[PDB]
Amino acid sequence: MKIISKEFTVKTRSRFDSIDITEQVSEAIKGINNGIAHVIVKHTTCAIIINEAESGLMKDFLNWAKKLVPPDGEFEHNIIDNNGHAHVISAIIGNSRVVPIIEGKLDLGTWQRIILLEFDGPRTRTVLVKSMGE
């Protein structure tokens, strides 16, 4: 079949941040008509989720992430760097998500958006979109 590999960067504006990257991903899949887009970050302290980018919810993801794994929590990693919480929550959520491609477009539900969740910003994060199909 066919394999497309394209990367783009986004600048996170705070320690905790959430960015809707759907538009950038739709550009990155060009070349594939029907298949699968793997939205991947080669980072260990930020994650990718597919959900609703409503204003309040964009805050909720971060605030609940903080509730589940408090940045002020106890982390053996923090002996070296103070972002153990970012590593832990990011590992649980995952560093990738799949989005089907159909008719050359992202096949998303009514309320689905591709979102990058940052837990150790501000930073320039790189997103790799590796698509496969025909």
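The numbering used is simple: start at 1 and walk along the sequence shown.
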**Request:** State which stretch shows the higher mean Cα B factor in the entry: 45-53 or 72-80.
**Result:** 72-80
**Fill in**
Taking the deposited Cα B-factors and averaging over 25-33 and over 87-95, the higher mean is found in 25-33
**Prompt:** Per the PDB entry, which option out of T126, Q112, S18, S14 has the greatest Cα B factor?
**Reply:** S14
**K59 - which third its CA temperature factor falls in, relative to the rest of the chain** = highest
**Item:** Record-listed C-alpha B factor of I101: chain third
**Value:** middle
